[PDB]
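Here it is, the structure, as structure tokens.
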Amino acid sequence: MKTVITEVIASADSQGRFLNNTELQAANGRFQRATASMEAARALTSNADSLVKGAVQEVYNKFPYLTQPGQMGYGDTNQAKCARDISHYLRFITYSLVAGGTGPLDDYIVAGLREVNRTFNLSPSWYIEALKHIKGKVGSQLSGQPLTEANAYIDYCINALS
Amino acid sequence: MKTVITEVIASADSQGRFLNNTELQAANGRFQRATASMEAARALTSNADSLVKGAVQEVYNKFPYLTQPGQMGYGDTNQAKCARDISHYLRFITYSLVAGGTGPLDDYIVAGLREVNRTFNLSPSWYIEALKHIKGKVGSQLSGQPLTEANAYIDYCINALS
Amino acid sequence: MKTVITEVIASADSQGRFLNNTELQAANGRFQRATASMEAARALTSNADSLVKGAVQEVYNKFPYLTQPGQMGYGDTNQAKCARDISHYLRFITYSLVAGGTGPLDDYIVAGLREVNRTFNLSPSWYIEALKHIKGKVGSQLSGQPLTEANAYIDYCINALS
Amino acid sequence: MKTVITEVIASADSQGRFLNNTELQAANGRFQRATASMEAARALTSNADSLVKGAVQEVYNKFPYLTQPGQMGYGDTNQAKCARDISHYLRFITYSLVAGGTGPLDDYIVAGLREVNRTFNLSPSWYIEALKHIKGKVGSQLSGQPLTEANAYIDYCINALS
Amino acid sequence: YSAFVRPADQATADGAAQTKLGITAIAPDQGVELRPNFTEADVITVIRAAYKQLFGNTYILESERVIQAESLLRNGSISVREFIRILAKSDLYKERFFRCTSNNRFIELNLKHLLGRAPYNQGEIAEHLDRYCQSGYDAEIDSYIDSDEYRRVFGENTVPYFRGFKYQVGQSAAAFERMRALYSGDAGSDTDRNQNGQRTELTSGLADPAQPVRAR
Amino acid sequence: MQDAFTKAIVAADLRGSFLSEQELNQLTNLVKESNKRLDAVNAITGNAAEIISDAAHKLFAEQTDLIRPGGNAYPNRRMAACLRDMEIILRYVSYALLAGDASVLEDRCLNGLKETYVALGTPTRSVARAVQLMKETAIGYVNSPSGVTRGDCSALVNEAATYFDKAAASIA
Amino acid sequence: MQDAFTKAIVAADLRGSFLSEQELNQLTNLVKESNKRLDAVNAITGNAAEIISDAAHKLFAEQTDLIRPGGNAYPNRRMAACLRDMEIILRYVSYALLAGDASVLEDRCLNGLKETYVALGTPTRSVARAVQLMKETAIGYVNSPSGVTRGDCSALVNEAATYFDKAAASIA
Amino acid sequence: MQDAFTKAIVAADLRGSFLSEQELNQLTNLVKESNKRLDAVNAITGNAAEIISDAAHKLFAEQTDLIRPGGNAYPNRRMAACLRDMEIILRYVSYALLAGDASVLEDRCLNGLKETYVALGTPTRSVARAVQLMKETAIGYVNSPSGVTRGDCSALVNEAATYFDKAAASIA
Amino acid sequence: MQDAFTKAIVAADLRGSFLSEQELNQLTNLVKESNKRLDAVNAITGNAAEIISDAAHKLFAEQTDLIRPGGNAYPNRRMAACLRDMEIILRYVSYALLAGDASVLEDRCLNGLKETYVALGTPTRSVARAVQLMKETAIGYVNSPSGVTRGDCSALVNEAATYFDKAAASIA
């Protein structure tokens, strides 16, 4: 899993050299930032649910036809899934903030994203909206660096999805 | 040349991916620290000379026989060289503080250290003393993080020499 | 282990061919020489001790300060070691004469020489003197080809040490 | 080309080390032997022709049918070739004696022997006889080491042919 | 000045440790490098070596040997790493040393034939397994010689070697143990043709929890 | 590799001297801007996918032929490459931007690029065009972000431009 | 790989839940100690060469045989290896110390180390001994540095120990 | 690798002593025999092809089944192997003979051989047989050469035998 | 590779003839000198380290700039290379000396060397200088040994020179 700390170790390890000043400097960076990161996570964790509802919802407004019978958005099972899924995305995001690296995201969400989505005919687009809507809400509860961090990660997914 | 900034780029580059949050965190670390680093460099740069004199000198006290005729420490040429050399070490150290990485040290000083020393029969020990004596002096002009940084680098050489 | 005989086998083996005339010629060389080699070994083996004493001693004359307290040459343990070590060098040399190859030397003495010496702060220089002094003594007890052989091997180490 | 001298250089070269005593011993062997080798060559060179005639001839006695019309041994062109060829074998052998290695043989005669012979339907057997008959004659003009050398090389071909 | 030396107890010596493992000089390796000016013999020795290292040490018939790849070495215009690419892209290796064994098997055996190391971790074995369907086989083998460490050591103009069975950098555990499994005796060689077919020396079971144990 | 700091060092080395106090003050101030610098980079990386997507659309609206049979962007296979390429260039540019130095970009990326394009028969002109298209979009984001402390980024903006342009030029 | 943070995540994942507030407070405090953590590491790395050098001397004074003809540290070549080994182990330990987790150490360094040693005929016991010798020296530095703000490092010191010990145990 | 000389050295090393004068006299004498030793080797190498050819013929006359469908020497492919193998073994034996030591043979040639043979399904017994067949023929030449100075080679002859036999045994 | 013997062969081959009696007498004589030849080589190899060490000292006393910042021998890394290079050249020279032929030296070592040096910005002049410095020192040993039977080595001495010089020339 890719976090700041793991990477420097990795790089140090590959070369076969002790952790010198260079790397520690880097680590320090991660730790200083954490305070902001951590704050953001506490904020998302708390409002989770509400964000999720809002997102799921949004998607349907954006793509009305989904709710019609014979479609994917139709019938509760699917709605449940849709909810679940977004929860996940969120969950991971929090994780990543705390871990101080994309790692968590990469391994759970991103890797194999495409094929999953292809085989089940999930349109990336949808997820994206979810995220965007979220981003917009988050853009109220947070501010300054905490916010900035939140964004970075949220986006990172947008980019991976698209 | 190995600095924080170069490495993250390298790692990013290898994987073939954009610089994401992970790396930036690291970079930030380097920059925050710099203020202390920079200070240290200004201090060494100023007292350079005096440190050099003191060191060279020390070495001779430590190893009297060097100054005897037929030895290495004997005859001005050699003394001049001895001075020059230590200057170098110092010079680089400053560099490294500023660059925020061991890089400068590695490429100039460390790489090929052994063989140089072997072929000219320079005993690592000597240099070391120089450094140690230095370290001791530096341990007055500086304080707190600035100091800590100075040490790290000075040492790094001790370890490379030995 | 590298001796004449082993090598030709090796080379033959690599190509996947029988030992043909080419190699035998080489082997023959080794055997013809042996008579001289063997003689040399008998001479060193006999005077071993005396050579050792003389060498150890020499080193101290060459580097008086070693015998001062707080140095390496000081206190019996160290002296014992110093003796032991040189004995070894000698021992191996004899071996190599008999084996008709550097092999014995390479594998015991040479391989890893540097790092050992570095980590324990043994100055190659010392050993060298030992050898030189030896060489000088040997240059009396022996003569002609026997001598020549003795030298070759002794030197081979000088070069490896330096 | 494979001779004693070339090989040791090669081996030395590969390892990236100077020619030490080991190799020189080998070389020495080659040189001592040469005196015998050289003698042998002078003997073959002189009687060349006569050896060739005798051989060619032999082959026909051994394999009468070859001289019948519609066969390979039949018609002068073929006989001429047959002569030429054996000359070659001889020529090379001399070379190899002088070079002090199989080298010359390997590169001219041996490498690709099979396929040549296959595509032109030359039966190894024939050549062999030629050689054997030769060997027998050589076993008169020469004696002691000179002889021994001659054999070695002659054989080496027998083995390569078969 | 006692110069007590003494035979000591264990009396293992230099040689005994390796004879115990049975390496018999497989762990020590002398690299072979091609030169722009080279004797044909020197090319031959390279071919000889190349064959062994990438092949099981299995017998190679003259018919088996691919002459077109051998041609071109004398000429130039083929990097030796590229020469080694031609081999394995060869039908010879795919039909035999690839078909019989399981996907995992050839990955380990490639990772052995092309590089001394046995596989440090389950995940990296898995990385090549992702490739099997992800892309064509040729790519995956190409990926090995294109991998960095293949390049880093014996990168160009050098026959690969079983640098395994010595200390290599970043060996995640059981380097020796796995390698001990993967190398039989020097005379002994992986066989395209074998009873019980061909199975992975290394337990699929492990590659994470425990060191492998294999007949030697 | 190289970057702003390392660079200054190297220069100083050849003179054989400690860093001049004046020169330190270049670096000292450079540090101060870091935060700005960083956000700039962050903005690019954050929008990456889009930047490209966008630029492409416009590229192909302009030079219709590229996507027509016989053009260079046809068929799929080729198209893919062309997209990939754009991205790469971008990636590098970013790198540079962080480093505070062209080098990385020149050395890893731009070197030999032109020649490649030539050998393939790819029309260098069009490539260059794309680079610019990208440039403008990118700046767009760098310069108009959300949640960032309001201030002047011009200095950085221009340096960004330059990088894009070195790219455009050496390709073209 | 793994480390303190990642680990806690993973646990949380399997439960399928957002992180407990309690759990955050583990990490929150862990952060606070960082500075201490770092210096600890720095101290080891700074003294590395020495730590080893020292440990060795003591190792060989104790087990004379290792250095005697026929022993395991004899001749030079072997000696070298033995030194190298010690170093490595150390290197790893350090790594762990930074991560705040044994894992890295266990996986790359320890797992199957024993078996190796066995196969070679190297006496596992002696290796273990060396590890400890190292431990003590190392702690020595961690705990007695110069120019550092004075406070309590015990917490870290002990964790360091543990790492050394896992090593000692699994080798032994 | 190893050979007579090297070997004696190694032994001496573990005792921790210079070479015994007695021990030198083993090697001194060994040297004297060289010339004989060499010729022995030369004889084998000179006749190589034939030795094998011969042995094979006899092997197959005896154990008809090997060449019958279902046997181990059938079809061609296999046959070839079997020939190659014999050769190899021989090659090694020769090597040993020169070295004045079994080792080389044991390590490169015999080590693992049995197990291989097992895995293949090759009947070890027959292999062994072949080895002997070879042995006898080989000795034949070693012992009856032409143009060599007449003397006693028995000593060497027997040592040769032993090598063949170690082969036979470890295969079997 | 090539050497004196092989060479003469090759020539003879193209004529299609047995070796000229005249030509044999070149080789016959060459043999006679062997012993001398050998000792020469031995002397170089024996003193190797020194030869270099020496030459270097003198090289750097002369061309002070090489060791100054901005020069080619600075910093350490480069220095090392420069030493290594000298050695290599020497190594080859030796080889040649034994072979009795320039080839090996020319082909493996000298070929392309100039151009390399040029591309790097290494001053070819200085390299050449070093080669000579070496030459003189080397001859020094070849020509003044101890415990060797006294006689005339000139013939060999000059050939040695030539090798050095081919080196000097092709580099320069």
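Details
Going by the order they are written in, the chains are A, B, C, D, E, F, G, H and I; count residues from 1 in each one.
By definition in this document, a contact is a pair of C-beta atoms (placed from the backbone, for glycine too) under 8 Å apart; a residue touches a chain by one contact, two chains touch by 3 or more.
By chain, UniProt protein names: A, B, C, D = Phycocyanin alpha chain; F, G, H, I = Phycocyanin beta chain.
Path length between chain B and chain E in the chain contact graph, taken as the least number of steps between touching chains: 2.
The set of chains touching chain C and also touching chain E is given as D, G, H, I. Looking at chain G and chain I, the chains that touch each of them are B, C, E. C-beta contact counts were set side by side for B-I and D-I; D-I has more.
On residue numbers, the B-I interface is repeated by C-G, which shares over half of its contact pairs, out of the options D-I, C-G or A-G. Between chain E and chain I, the centres computed from C-alpha atoms are 38 Å apart. A separation of 27 Å divides the Cα centre of chain B from that of chain G. Each chain gets one centre point, the mean of its Cα atoms, and the points for chain A and chain H are 70 Å apart. The residues of chain F that reach two or more other chains are 13, 42, 48, listed in rising order. Shared contact sites, meaning residues of chain C that touch two or more other chains, fall at 3, 18, 20-21, 27-28, 100, 103, 107-108, 152, 156, 159, 162. In chain E, the positions touching at least two other chains are 5-8, 11, 13-14, 39, 41, 170. Touching pairs of chains, sorted by label, consist of A-B, A-E, A-F, A-G, B-C, B-F, B-G, B-I, C-D, C-E, C-G, C-H, C-I, D-E, D-H, D-I, E-G, E-H, E-I, F-I, G-H. Interface residues of chain I facing chain C in the complex, by the touch rule stated above, are 39, 42, 46-50, 53, 146-148.
Contact residues of chain H toward chain C in the complex are 1-3, 5-6, 8-9, 12-13, 18-19, 21, 24, 27-28, 31, 34, 38, 41-42, 44-45, 48, 91, 94-95, 98-99, 104, 108. Chain D meets chain H in the complex at residues 139, 143, 147-148, 151-152, 155, 158-159, 162. Listing the residues of chain C that touch chain D in their complex gives 2-4, 7-8, 11, 18, 20-22, 25-30, 32-33, 100-103, 149, 152-153, 156, 159. On the chain E side of its complex with chain A, the touching residues are 169-170.
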